[PDB]
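Protein chains in written order, with the UniProt record's numbering: chain U, 38 to 716; chain D, 38 to 360; chain F, 38 to 719.
So the structure is just underneath, and the comments pick up after that.
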Amino acid sequence: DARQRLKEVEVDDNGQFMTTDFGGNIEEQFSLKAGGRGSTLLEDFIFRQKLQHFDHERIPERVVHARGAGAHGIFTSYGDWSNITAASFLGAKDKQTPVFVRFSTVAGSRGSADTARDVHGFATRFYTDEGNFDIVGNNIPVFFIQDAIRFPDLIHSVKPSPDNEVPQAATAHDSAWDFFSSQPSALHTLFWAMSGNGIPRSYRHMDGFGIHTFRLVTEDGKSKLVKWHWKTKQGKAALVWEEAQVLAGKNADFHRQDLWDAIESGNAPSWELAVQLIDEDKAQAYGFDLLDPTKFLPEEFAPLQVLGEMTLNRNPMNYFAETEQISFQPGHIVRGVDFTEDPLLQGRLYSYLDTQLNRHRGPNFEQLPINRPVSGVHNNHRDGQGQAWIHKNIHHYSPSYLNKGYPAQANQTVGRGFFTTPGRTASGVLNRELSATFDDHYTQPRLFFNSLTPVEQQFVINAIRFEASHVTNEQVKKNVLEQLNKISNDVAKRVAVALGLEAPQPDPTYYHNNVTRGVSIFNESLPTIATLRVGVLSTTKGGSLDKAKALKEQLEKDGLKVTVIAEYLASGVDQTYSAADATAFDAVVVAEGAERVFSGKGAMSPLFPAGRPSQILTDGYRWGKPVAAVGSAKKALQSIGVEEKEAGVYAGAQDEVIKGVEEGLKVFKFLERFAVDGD
Amino acid sequence: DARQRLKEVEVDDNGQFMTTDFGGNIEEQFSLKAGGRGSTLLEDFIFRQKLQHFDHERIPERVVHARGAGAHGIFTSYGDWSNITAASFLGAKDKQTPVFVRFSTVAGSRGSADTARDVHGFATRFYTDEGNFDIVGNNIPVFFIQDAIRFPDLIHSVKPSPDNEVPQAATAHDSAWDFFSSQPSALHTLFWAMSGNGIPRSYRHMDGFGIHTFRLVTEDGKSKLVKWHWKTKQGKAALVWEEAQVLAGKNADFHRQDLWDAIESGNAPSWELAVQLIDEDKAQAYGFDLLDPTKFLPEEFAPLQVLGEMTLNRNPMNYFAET
Amino acid sequence: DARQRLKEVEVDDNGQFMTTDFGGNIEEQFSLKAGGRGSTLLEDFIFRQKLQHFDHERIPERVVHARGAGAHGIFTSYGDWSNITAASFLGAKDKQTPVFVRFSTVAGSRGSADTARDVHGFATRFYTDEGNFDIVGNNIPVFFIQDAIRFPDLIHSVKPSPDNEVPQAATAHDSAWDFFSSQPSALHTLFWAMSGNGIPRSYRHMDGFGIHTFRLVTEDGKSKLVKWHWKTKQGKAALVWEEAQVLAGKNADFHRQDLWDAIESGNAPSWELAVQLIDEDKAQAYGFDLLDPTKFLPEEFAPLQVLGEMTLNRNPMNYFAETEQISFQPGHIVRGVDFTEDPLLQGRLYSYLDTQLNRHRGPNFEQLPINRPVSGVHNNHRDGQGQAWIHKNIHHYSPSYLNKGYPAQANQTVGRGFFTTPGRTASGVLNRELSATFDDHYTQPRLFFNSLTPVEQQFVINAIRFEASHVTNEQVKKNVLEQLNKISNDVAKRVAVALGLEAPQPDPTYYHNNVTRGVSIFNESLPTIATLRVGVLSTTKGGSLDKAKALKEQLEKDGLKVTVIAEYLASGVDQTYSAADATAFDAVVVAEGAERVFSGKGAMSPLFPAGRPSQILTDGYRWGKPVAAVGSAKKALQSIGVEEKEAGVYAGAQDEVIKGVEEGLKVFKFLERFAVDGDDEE
Ligand code: HEM
Ligand code: HEM
Ligand code: HEM
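Here's what the structure looks like:
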């Protein structure tokens, strides 16, 4: 049980009498009044203590990544990695360390939709026996900017316009694309966000990245450059934009519910932790500077070496106390790891510690149960708001004769202390500049675009076409085109069509045809279809419901989550047509006999909106899902102009339909149904 | 200009050089580094002051009605109402008073959709020459509960489940309908929220209500029981649920954009302020108790008397500082 | 161990390596720099996490009673008091309840002197098994004002002037006496503060009062009006003002060190909890309204009935986490107690809850270890800044089918819930007025002054003379005289002398000669001299030291704390003359042979200021302390002009001096050394 240490702070209210926050049993359903129909008395201490706590329930949301969700788990190391790092949690084969991970979007506030197009956070805390170690990462290996002093500029430009606070959780407005084109370093992460990484199917179907180059340090001080990677054991999967838009309204909690259900049903998701290891003398050997967070290291130059696996198998008990209150920091570093001179990483170390003072209104946020380490805290810090401990050592200073030298200093040689990499040097003038090695903003965006499948490339262009069409300012649109043309003339030409602007002349300075592995989503089938959802469209009339039940029973044998849909909640029905939508499912199958609700009077009922069964099947097909119909239900496919000839469409007997749908779920999205420019 | 008093705190940065918050011109696009590819210096005061302010931008959202939008305007009285109230802002015909109004949902957090099904807030401030007077009302004339000590129970049950924080901005979960059926007083507002009032076309197409019976008092102390009413001059209009759902995803800012667009285009919305006036000795004479906020007074028993009109004609300059 | 429950949050750093606040061993004595003589790096996470916690150590001081100190202890009930209250902690003989008590002044800020003249706080928390019960009291039985809405006005006027923040922890300025004379209800507490109650010898030598009339309620709902009393087992004792002033500079921690020393040495102080009980139908039967907080009930009308005793025997381990962070509330009420319509108490209930939001900045301050009850918290409260628990019940609302009705309602008949006194009613118009029964502002101030000894009365008049002479506005001083004249014409006349104002004519509307017991300090000797301090003046020359240590050993047998003073820290010396002052002792005895440092060569030394040994003996005598000299040390008494057989002066051999000094410590202050108005006449 990963949450084991949290047991001593859990409060059970079962069978208990109601109390105030200072003890004493009470009733609190009536205000104390002066007479039968009289005013409430100020001396009603019960009312005021109950309502004061309600009035003060909220804390400020995270300044970025406000919308998110998390879970507990365990990390297991695959070996003794002391030859590359002194980190204790990586220091023995099969060694286990509790973790908590929080996934998120970036721009939207609390309560914005999960399926907005955005970069996604992927923050992992290791509760190691030598302190808390956080990998505060994203699902995209590169970031928008090269210097941390520019973060407020990027965030202000993406977040809503400060006059009317429009739009929510979206980059599709003038200020964001004014910034992207004025700060060309942002074009790389932009392309990733316009790809499937911007609209992932679920938290469980994302890779993770530390982005920054860090250092792993051995006991003697020898260091290697390192990139952190999380490889999902569930496979990467993404939606299409027109689907994520509807899903944002039909279920804003799509991703957090997906993670909760997977853990509750015993289908805990897993990620393997992997690293790219680079010698210090190769920091600028691969066509870019590894101190530059706008570039990633192609796996051809350095393969992914997996060190262990992380599995998230415990949901939180109280969302606010655990998920909302947890405070990640890249400064949460342990012996065996060190920073690099990444100018973006450097400023993060200040911002995360400082921002906790705003979110928690005090300096003792590390004493909260979700932030406490398991390894023990011994220093001379005292007081502060909400001080929860009582310190025994009255000689709270060092050096000191009276405290006998305790707590004692720890360094590289005594006490397993943290230490900066011994060989790191400073040389040159104090400057407010960036290295000229950071100047290429176009090569790797082109490299990323080259490494996607044709339809995958079309998704990227259709995302840019959608977003840039929201820009009202003509010159900003031209600025965007001019910057896109430096990455690829064909991309700029194809985007220019939607904008009604002229196809610009090629600027080939950064054009190239190189490709790299591991960045595409749609070029690989899923390794498992467990937890994937199948919507079964049925009806309470006839014998459709009994066949749907048998269909459901066989689908569930393969680990699928099956929802039978009918007009009302008859026996065996999981959801009404009124509450159903294709966005909730990964496959849509029509049960035999249910074709009666796709035309005629069966399609016109007060129990659901007109055309809802046909809308669900139409949505599921046009969004690239596997769609099916059993037996006579092929009339439902015919009613929407779909033939069994097509890939991802299945008809016939029940067994043939189950096999076809289960194979189609590995493909997940059938890209044959999406038109490409000039096809 | 309704916002005329706010101009003295407005800051124009056009044609100016970047500064810190304590003055002095600066550049803030490069951190100070010790060497060409070196670490950032703690002495970079420029970086830390700019990033500290960013790190501390957020304040707690409202515990309820966190999602909303507002605008400035003018309230104009239709008469000298001194025979029913001593309130200065109603003391003369054509008397004008600046206002600010915020419309909102209730359950959803800051970034939730405008077209979620919910009770809607309708909060009005009159900046009168005898103090600020607020009518903090809703677009529905009755409330769920009869005693304020039960408010945390209602809100907890409607807001997301505390284990996973699901669902956002929705009453369609177990805990809400547990409370509705366990506290039957909630059924009246429930029915209003399940009607078109729960999914209005826009803020401009809602009526407003103070819900509570208040008192109007004259200079010598004669009192009347009063219900506040806002009557939209744009007409009441609502969506249908299957449409509001898609709109929640296609444009979560549908209502705040609608209000902003109407004001910017010169189509300022208006509401008439109307009242029902009841004698003190008839507080229990209309088939219910007028101290009960789960009941409204049918207009057949007491028709509306209109006191004036309010027009919202100025959008805010900074949403955070104002709205 | 009253602190037993706090052991689970105690952190022991001995034998450990330094860590950050998120774990991991570190060194934190050098900043990370870019080069040997280079700038500090932003990536020094160790420096910033250490200095951030330092930068944010302070929390707002209490808006009033900012200066004070406290301790843990145990309260023991003397019987089963279910016949008068359903309160659990009073429900059985020898039933024990942990307590924390904080004593304080009122006006001064965090670092002000203990021995300023002020009302003194006396706040007790009972950690009962049915919730925390707080008696937030003072060492004076009446308060300045009659309605809580006037509290900001009283406090603003007593606290420093808002333009320069002068004076600290003092009522001797214009605005304070402008308010006392403009709001005549303040005159009763004024007189108490101008007496010995304003300058007590220690926290342990104070009585305590809940001030307000409260209600005791039995299981069946029967109620009685009640006044809370704390009666010190150490006896009441006070200083003189000219002594308190010097002590304010010589040791600003005099009272908190006294309490700490007494507990550390095994001399835990004790108070008895006593009540006055009044029938509901007699609330206005004793010459005043018992809802009026400016009045106390004379013990002749209702005697004190002891219910138990409280003993404070454990010092805090961390002052901040315990004493500074503890949050008292009169709203901390339990089953068996109820409020009254005392308009001062009524507003307190709102203010103490609200003010914690400023001091603790978050609604979860009751989760702090020192504020937590021992009885268990079960409700549907959630979230809030700094939420320290993880609630299991996901159906956090009532009523509810899903949570099976739990946590469940508790009332008078079910679950031993709190219930308001069932017989209380409201009747009349909603009003912003005060009951005319509150109108008398002068009778009881006169009763209090009538009940002090003659020299005790002179201390009150001399305190007023000192304070009012600081008032610069002429009219305010005249306004003060007119108000004083309504209490006592002779008081106004003796005060008028110091102010150079004419003796006002009698205004006998409220004059009377009644007296009452239990309000005087100097008319009763102390029941014990334990912990009382003796300063033995000695010297390092000759054999004075060896005799001074024999004197110390005998004195210590009787429970006294003895300080042997000499020119330097020789063997057997506790304190140097440079570090010594008479304010730190209750008696001063010159050891035989030490007369050499009172005159001539031995009195002129670079090791202490000029005349220091003579000044200690002079201060000790002039401030009314028992003073003594052994054998040849009688020369020291003669050098300052003190006759060897005055009252409280003891000369002779060692055994005689010990005998006389211990007897004089019971008298404590020798009042015939203070001139009374009319003594200097011819
Ligand atoms: C490679 C670059 C970055 C990555 C991978 C990243 C990732 C993240 C993630 C995942 C979170 C959410 C943590 C959670 O779930 O609670 C977060 C929050 C945050 N980030 Fe970043 N971010 C980056 C750049 C920056 C920069 C440059 C700054 C400022 C200089 C910054 C400031 C913040 C702040 C203040 C928070 C709020 C944390 C809190 O309130 O607990 N980030 N970031
Ligand atoms: C007739 C019943 C009620 C109406 C019409 C109503 C209406 C409103 C409205 C419109 C707002 C948002 C104002 C804005 O736009 O900023 C609001 C906020 C709020 N309401 Fe209510 N509400 C009602 C019941 C209650 C009750 C019973 C309580 C508590 C006892 C309560 C506590 C609050 C609080 C704490 C806020 C937050 C305001 C802020 O943070 O500034 N409400 N209410
Ligand atoms: C009989 C009248 C009063 C008595 C006996 C009394 C006593 C006390 C005491 C002993 C304390 C300090 C508690 C501690 O040691 O921490 C205190 C604090 C305080 N008092 Fe009073 N007081 C009285 C009148 C009032 C009134 C009328 C108000 C306001 C309407 C008030 C407001 C406060 C506040 C705000 C604090 C700060 C508490 C905190 O910050 O924790 N007091 N009082």
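C-beta: ideal position from N, C-alpha, C; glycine also.
Roughly how many angstroms lie between the CA atoms of residue i and residue j, to the nearest whole one?
i                      : j        : result
F/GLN366               : U/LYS132 : 50 angstroms
U/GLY678               : U/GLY689 : 17 angstroms
residue 741 of chain U : U/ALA603 : Here chain U covers residues 38 to 716 and nothing more, so residue 741 of chain U does not appear.
U/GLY72                : F/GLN183 : 24 angstroms
D/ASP329               : D/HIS249 : 8 angstroms
D/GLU256               : D/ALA123 : 6 angstroms
F/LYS264               : F/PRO335 : 11 angstroms
D/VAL100               : U/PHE91  : 8 angstroms
U/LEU394               : D/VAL173 : 33 angstroms
U/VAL411               : U/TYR164 : 6 angstroms
U/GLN271               : U/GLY701 : 16 angstroms
F/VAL138               : F/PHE159 : 7 angstroms
U/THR655               : U/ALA621 : 14 angstroms
U/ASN201               : D/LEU349 : 15 angstroms
Please confirm whether any heavy atom of ligand 4 lies closer than 7 angstroms to the CB of residue i.
i        : result
D/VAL136 : Inclusion of ligand 4 in the displayed structure is not the case, the ligand content consisting of ligand 1, ligand 2 and ligand 3 alone.
Is the beta carbon of residue i less than 8 angstroms from the beta carbon of residue j?
i        : j        : result
U/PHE496 : U/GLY233 : yes
U/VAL634 : U/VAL664 : no
D/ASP290 : U/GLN205 : yes
F/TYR434 : F/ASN417 : yes
U/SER218 : U/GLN520 : yes
U/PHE180 : U/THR377 : no
F/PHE251 : F/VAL374 : yes
D/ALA39  : D/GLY110 : yes
F/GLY168 : U/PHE59  : yes
Quick one: measure Cβ to Cβ for residue i and residue j, integer angstroms, because I've assumed they're closer than 8 angstroms.
i        : j        : result
F/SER615 : F/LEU644 : 6 angstroms
D/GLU337 : D/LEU262 : Contact doesn't hold; Cβ gap of about 17 angstroms is too wide.
F/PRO400 : U/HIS415 : Not confirmed; about 31 angstroms, so no contact.
U/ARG104 : U/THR142 : 5 angstroms
D/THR360 : D/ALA106 : 6 angstroms
Can you confirm whether residue i, when its beta carbon is compared against all beta carbons of chain B, has any partner nearer than 8 angstroms?
i       : result
F/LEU78 : The displayed structure is made up of protein chains U, D and F, and chain B is not among them.
What are the boundary residues of the alpha helix (DSSP H) that includes residue i?
i        : result
F/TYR387 : 380-396
F/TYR658 : 649-659
How would you write the range of the beta strand (DSSP E) that residue i sits in, first residue to last?
i        : result
D/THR348 : 342-351
D/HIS109 : 105-114
Exercise for the section: Starting from the N-terminal side, write out each stretch of the alpha helix (DSSP H) that is 4 residues or longer and does not extend beyond the segment 231-316 of chain F. Expected result: 278-287 and 291-301
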